[PDB]
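Asks: My sequence and its experimental structure, below.
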There are 4 protein chains.
Amino acid sequence: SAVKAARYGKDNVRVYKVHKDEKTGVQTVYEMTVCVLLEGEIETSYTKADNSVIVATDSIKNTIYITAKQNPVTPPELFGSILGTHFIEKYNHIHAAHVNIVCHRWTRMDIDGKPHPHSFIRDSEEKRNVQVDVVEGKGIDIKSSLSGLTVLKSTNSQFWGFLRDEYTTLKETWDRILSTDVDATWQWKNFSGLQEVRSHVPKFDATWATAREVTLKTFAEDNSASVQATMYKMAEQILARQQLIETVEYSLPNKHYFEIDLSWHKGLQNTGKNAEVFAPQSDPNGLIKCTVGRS
Amino acid sequence: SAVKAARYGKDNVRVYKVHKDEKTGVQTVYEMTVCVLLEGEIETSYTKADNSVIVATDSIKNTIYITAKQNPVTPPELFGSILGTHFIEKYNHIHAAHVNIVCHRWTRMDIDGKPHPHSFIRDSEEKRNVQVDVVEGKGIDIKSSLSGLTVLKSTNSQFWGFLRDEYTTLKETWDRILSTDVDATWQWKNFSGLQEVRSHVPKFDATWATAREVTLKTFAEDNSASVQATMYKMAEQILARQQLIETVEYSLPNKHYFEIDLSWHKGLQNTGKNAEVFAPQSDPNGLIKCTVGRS
Amino acid sequence: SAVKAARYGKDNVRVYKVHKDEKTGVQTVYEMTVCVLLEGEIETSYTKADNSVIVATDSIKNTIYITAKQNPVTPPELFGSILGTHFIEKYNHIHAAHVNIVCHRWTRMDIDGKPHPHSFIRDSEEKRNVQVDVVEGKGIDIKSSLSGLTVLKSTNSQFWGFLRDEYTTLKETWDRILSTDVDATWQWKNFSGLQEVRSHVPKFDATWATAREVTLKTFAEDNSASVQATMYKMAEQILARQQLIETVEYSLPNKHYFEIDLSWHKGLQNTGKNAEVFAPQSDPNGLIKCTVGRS
Amino acid sequence: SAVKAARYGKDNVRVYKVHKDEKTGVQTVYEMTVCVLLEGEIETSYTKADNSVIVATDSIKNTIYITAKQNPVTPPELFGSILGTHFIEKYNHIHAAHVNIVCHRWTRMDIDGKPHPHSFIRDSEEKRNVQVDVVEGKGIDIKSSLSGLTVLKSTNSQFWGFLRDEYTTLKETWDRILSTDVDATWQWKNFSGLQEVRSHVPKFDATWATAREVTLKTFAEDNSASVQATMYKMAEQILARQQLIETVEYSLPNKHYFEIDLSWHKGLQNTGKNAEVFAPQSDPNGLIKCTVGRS
Ligand SMILES: O=c1[nH]c(=O)c2[nH]c(=O)[nH]c2[nH]1
Ligand SMILES: O=c1[nH]c(=O)c2[nH]c(=O)[nH]c2[nH]1
Ligand SMILES: O=c1[nH]c(=O)c2[nH]c(=O)[nH]c2[nH]1
Ligand SMILES: O=c1[nH]c(=O)c2[nH]c(=O)[nH]c2[nH]1
Ligand code: NA
Ligand code: NA
Ligand code: NA
Ligand code: NA
């Protein structure tokens, strides 16, 4: 036997950073969960108990905090690129660094209609994420995403015209609820290294904003023929709006809301046009995925 | 042996309701998780296999949906009171109904700066809850609450002057982070029945709004001497603002953010006044509780 | 306004302890999650920013570790009693200590059919818990419990003879699945203090063993008329077997497994007597509770 | 823009099946969570609202239940292969089926030392899983795994000799706790189709048993130089014991248990050789991965 692949490091490293403006008193906070996994010439740590090649995961943890102290932690695409570059540059025998960052929301509070200088609210579990793969001699591959964006529309979703055979019981519908948890990823063209990433820094926040805007507006406004068709429209527009993106991925559950037939009780009418009370279903759920690239 | 207490019913009943305005096209959604547990002369179902006294929990489930079809589901204090009253009135041998409702957020989307008529976003896992105890001959006892309201302030929290003895290692501080998950409950004076609850319907939404407003503003503005002192100020104000409340309860974790001493690395200064990067601690956590009544 | 109730302390304190036998090499591990909340003359910490009365929760944490170092952590009823007694004895102004302990399973591994001296497996998320309330001048009140014990029986559960009215759709059945998560609590007669608790130490492990044995055997062997009737039989027997228990509480969800009618597909028969494939339902669920005392 | 990849189906489909022996009365239960995602000529459902190419996910759900009714659900490798083969054979335009199965534990109860014929206990959240990828013209690729196997050893783990530089604070140790959650995957050589899978049916349960046995024994007996070195030994042995496996993957967190220095309190000695009470750390955690193939 032989090692075919190996990567190791520290997961679930929680990180907070504050920025304080001396002149204005305005503080700004960032909170993240970081994972760094390293690859390189480390196979003998597995096969020969040779720990000399191990950069201890405890030290990877320390390095995450130190890097956050000495560099901007925003946008996360930049921070991850700086962090991953560090490991491959500092250690000759380490040839890739895999940096995953989950950014947690801390939105500034409005109190009596004015922004407060140092108080924040977690306005949802929606996350902004990056996957930054820094590979020696092969640049920096970045995937950016938003996840946990939970939405519902109460009409203007349809699903009819699907295949019907001996396995089919679902009725066609021209008016249903659609609810999902949006997982949307935009994959950047390869960067040659940290310099190139830095040359594009403003595009990271702007493209996240575009992705979120397009997601929400398309969801709200598309009289949806299916989850498939709606998600494709989102992907199309994001590609049109940022040429440095190569592909857009969506992964969307269809979180079903079932009608409840109550006609058995006093002839109560709660289906079709008269549907007002529904049963949200925890499981099962449709799962719809696609990756959209340029023609 | 003998039954000293008994209650039974259906938990985790998920409920959605939509309201559609024919004239304007504007739809409004509500989503809840409901639990109903009944008490009464049911001890023989436990001791003598006498199921004749059981209102099947499946039927309790049906009744929840039917009640939601035939009545407003907002404010949840009203809906729970209607639902609980039903069981004690319909079944001679049922003498109490315990109704717990968790309301989930579906906030109307703003698209290109205008409210959308049928699309919604879950802007956090913060919940609005009620516990409605309907007891035959003893009226309706309601506890209202908000929970899962997660906040952080990056300065203007202190903790000094606490007891110090041979078990103490914590350093006094005049500037720390404070973060919590707010669980705040306001307990209504007893209502004699459904009529009295109905006479106060507008006060339920208004008092929830007050509780949330007071929580956030006091958290943001109090240069906090401790969690104890800050939460008490919140409770005080809520009691002052709604005379039909008898008590206010807060349950607040102190979700610690620890400084990280990095001076071991190149003499990096990241403590005290120079603290910028912190380690959020998942556990343990302080837990601070109080119930405030009127003097 | 005035403080009507107050308690504060440290939650989610994770604790491991190892015992090593020098003579045999056999090591034994214990792992717990501890919560300690204190009451006493502490109201001025809430109303007057008077932190002098606060035993810092950080110090409560330290004390938990120190107490675990200097005393047995098993049985948890004893450990909690020692810990709670400490706070009320050490601090004149603290008059109650509320100690909650969740014990996590670490079962010794059997390797090639012999017990291993220092390797363990978590053979489920089933917990053994205590709630120890140490109240100055009022002794020690202990509730012991097992929770997260998940079981299923595939036949010999029935449910028929329940009330039927205009809200009822459930069919009577003489053969169904029953699955639950057992939450069982036994409440000890008040102890006057730590000495009395110590006088009964062997009864704590034995009564937990009895409770678990009775639960499992009664679940397996009772041709159940309902959840109500089966749980009562468990409670009865536990009371019969330990006179120092005053009451037994069960809280049992009915985790439904629904038949699936497949006759629409090639006339496939999968109901009643021919039922083989079922749909486990995540929600809703029945919830059945009772407290049983002595006649 | 254009679809570069697409797959869709039903996730979180809960399935129970019972087998009843008429002659002996002995019943046996299986419970799973199933996900099926399909690929094929379905791009027009995304780009042209062409639902005619969609096998509705609701129908995929039905098919899962029907397949479970008409076939053995054990071993899960076989069931998944039957299920995936169905979709690619039944639908000309569907060319791959991705079947993920999580098997939940229902272990027969022993009551008064004899196996009970129809009562079961969930003896942990450890899962047995399969990922079965059925690809038209490319056979059946199966990955089998065990996950959620949580273990601890209280000594005979070491970690010394690792790289030390200006980022390192971790002390070398010759005696520490090691605890992990085992995620172990064995990847089968490609099968040409369902016939070939069937020809190997007994090897699936046997190889899972071997993987679990080797994991536990190696964990218990290896005086571990590191997580890396121990996991490699497990992988080596599994490959040696089943020639139809091509690779073995392990993914192991190092769930840290920290010493607690209590010498500040009455000179209490709880480190090194005197370490008895530790603080389990929820986060961060090491994460160690490798894929082992044959030389
Ligand atoms: O938008 C949908 N897409 C599907 O593929 C599908 N399948 C299904 O059952 N309902 C839906 N809805
Ligand atoms: O506000 C606080 N209250 C306490 O009771 C306490 N105890 C502690 O350790 N830190 C804090 N902070
Ligand atoms: O054992 C049961 N008890 C009930 O109270 C009940 N109600 C119900 O719908 N099914 C069951 N089953
Ligand atoms: O077995 C270990 N491997 C590592 O890579 C590592 N890194 C670390 O900090 N502790 C450990 N332990
Ligand atoms: Na390198
Ligand atoms: Na009544
Ligand atoms: Na005292
Ligand atoms: Na095909």
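Replies: That came through, no problem. Numbers count the residues shown, from 1 in each chain, chains lettered A, B, ... in the order given. Ligands and ions are numbered 1, 2, ... in the order given.
Asks: At which residues are the helices of the stretch 51-200 of chain A located?
Replies: Using DSSP state H, counting those that start in this stretch, the helices of the stretch 51-200 of chain A run over A:57-70, A:76-90, A:194-199.
Asks: right, so of the ones you listed, which gets closest to residue B:287?
Replies: helix A:57-70 (27.4 Å; C-beta to C-beta). No exception for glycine: its C-beta is placed from N, CA and C like everyone else's.
Asks: Please state the offset of that closest one from the chain centre?
Replies: Counting by C-alpha atoms, centre = their mean, to the nearest Å, helix A:57-70 is centred 23 Å from the centre of its parent chain.
Asks: Not counting sequence-adjacent ones, nearest residue to the residue in the stretch 101-250 of chain A that ligand 5 sits nearest to?
Replies: Of all residues in the stretch 101-250 of chain A, residue A:136 sits closest to ligand 5, at 5.2 Å by C-beta to the ion. The shortest distance from residue A:136 to any non-neighbouring residue, by C-beta to C-beta, 6 or more residues apart in numbering or on different chains, is to residue A:95 (4.2 Å).
Asks: now do residue A:75
Replies: Per C-beta to C-beta, 6+ apart, closest to residue A:75 is residue A:204, 3.9 Å.
Asks: Let me know whether the one you found touches residue A:78 as I believe.
Replies: Yes: between residue A:204 and residue A:78 there is a contact at 6.8 Å, judged by C-beta atoms under 8 Å.
Asks: could you redo the helices of the stretch 51-200 of chain A as TSV and give each row distance to residue B:265?
Replies: Listed next are those as TSV, based on distance: least, C-beta to C-beta, whole Å:
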stretch	distance to residue B:265
helix A:57-70	6
helix A:76-90	13
helix A:194-199	21
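Asks: nearest to residue C:182, of those?
Replies: helix A:57-70 (39.0 Å).
Asks: what's the angle between the closest one and helix A:76-90?
Replies: Put simply, helix A:57-70 runs at 130 degrees to helix A:76-90, going by axes from the mean of the first three to the mean of the last three C-alpha atoms, to 10 degrees.
Asks: Pull out the buried positions in helix A:57-70.
Replies: A:57-69 (16 or more other C-beta atoms under 10 Å in any protein chain shown).
Asks: hang on, the earlier thing: of the helices of the stretch 51-200 of chain A, give the one that comes closest to residue A:167.
Replies: Nearest to residue A:167, of all these, is helix A:76-90, at 44.3 Å by C-beta to C-beta.
Asks: Any residue of stretch A:204-224 touching ligand 1?
Replies: No: using C-beta under 6 Å from any ligand atom, stretch A:204-224 never reaches ligand 1; the gap is at least 7.2 Å.
Asks: who touches that stretch?
Replies: A:74-78, A:128, A:144, A:146, A:149, A:151, A:153, A:156-158, A:178, A:180, A:182, A:184, A:186, A:229-230, A:233-234, A:237-238, A:241-242, A:244-245, A:248, B:109, B:111-112, B:116, B:119, B:121 (C-beta atoms under 8 Å, 6 or more residues apart in numbering or on different chains).
Asks: Just the buried subset of the residues you listed, please.
Replies: Here, 16+ other C-beta under 10 Å leaves A:74-78, A:128, A:144, A:146, A:149, A:151, A:153, A:156-158, A:178, A:180, A:182, A:184, A:186, A:229-230, A:233-234, A:237-238, A:245, A:248, B:109, B:111, B:116, B:119, B:121 buried among the contacts of stretch A:204-224.
Asks: so residue A:211 sits in a helix?
Replies: Yes: per DSSP: H, G, I helix; E, B strand; the rest coil, residue A:211 lies within a helix segment.
Asks: Next, count neighbours for it.
Replies: Residue A:211 has 27 neighbours, counted by other C-beta atoms under 10 Å in any protein chain shown.
Asks: Equivalent analysis for the one 3 residues further on, please.
Replies: When neighbours are counted by other C-beta under 10 Å, residue A:214 registers 20.
Asks: Now it: closest residue in space that isn't a chain neighbour?
Replies: Distance criterion C-beta to C-beta, 6+ apart; nearest residue to residue A:214, sequence neighbours excluded, is residue A:237 at 4.8 Å.
Asks: Assign a three-state SS to the one you found, would you?
Replies: helix.
Asks: And for residue A:219?
Replies: Taking three-state DSSP, the label given to residue A:219 is helix.
Asks: where does it sit relative to ligand 6, distance-wise?
Replies: 47 Å (C-beta to the ion, to the nearest Å).
Asks: Could you give the number of residues near that residue?
Replies: Using other C-beta under 10 Å: residue A:219 sits among 28 other residues.
Asks: what's the answer for residue A:183, then?
Replies: Close neighbours of residue A:183, defined as other C-beta under 10 Å, add up to 18.
Asks: Help me confirm that it comes into contact with residue A:252.
Replies: Yes: counting by C-beta under 8 Å, residue A:183 touches residue A:252, with 7.0 Å between them.
Asks: roughly how far apart are the closest residue to ligand 8 within the stretch 101-250 of chain A and residue A:174?
Replies: Using C-beta to the ion, residue A:163 is the residue of the stretch 101-250 of chain A that sits closest to ligand 8, at 12.9 Å. Using C-beta to C-beta, to the nearest Å, one gets 18 Å for the distance from residue A:163 to residue A:174.
Asks: Those two - which one has more neighbours?
Replies: Under the criterion of other C-beta under 10 Å, the comparison of residue A:163 against residue A:174 puts residue A:163 first, with 15 against 9.
Asks: I'd guessed residue A:189 sits against residue A:247; true?
Replies: No: if you go by C-beta under 8 Å, residue A:189 and residue A:247 don't touch, sitting 9.9 Å apart.
Asks: tell me which element residue A:266 is part of?
Replies: Secondary structure from DSSP states H and E places residue A:266 outside every helix and strand.
Asks: what's the single longest strand in chain A?
Replies: Longest strand in chain A by number of residues, with DSSP state E as the criterion: strand A:2-20.
Asks: Name every strand pairing with that one and say which way it goes.
Replies: Paired strands of strand A:2-20, with direction, are strand A:27-40 (antiparallel), strand B:277-280 (antiparallel), strand D:285-293 (antiparallel) (DSSP bridges).
Asks: Quickly name whichever of the buried residues of helix A:57-70 is closest to residue B:39.
Replies: Nearest member of the buried residues of helix A:57-70 to residue B:39, counting by C-beta to C-beta, is residue A:61, at 53.0 Å.
Asks: any idea how far the residue nearest to the closest one when sequence neighbours are not counted lies from residue B:45?
Replies: Nearest residue to residue A:61 in three dimensions, chain neighbours excluded: residue A:10, at 4.6 Å (C-beta to C-beta, 6+ apart). As judged by C-beta to C-beta, residue A:10 and residue B:45 stand 55 Å apart.
Asks: How about residue A:99?
Replies: 59 Å.
Asks: which residues does the closest residue to ligand 7 within the stretch 51-200 of chain A bridge with?
Replies: Using C-beta to the ion, the single residue of the stretch 51-200 of chain A nearest to ligand 7 is residue A:119, 37.3 Å away. Under DSSP bridges, the beta-bridge partners of residue A:119 are residue B:153.
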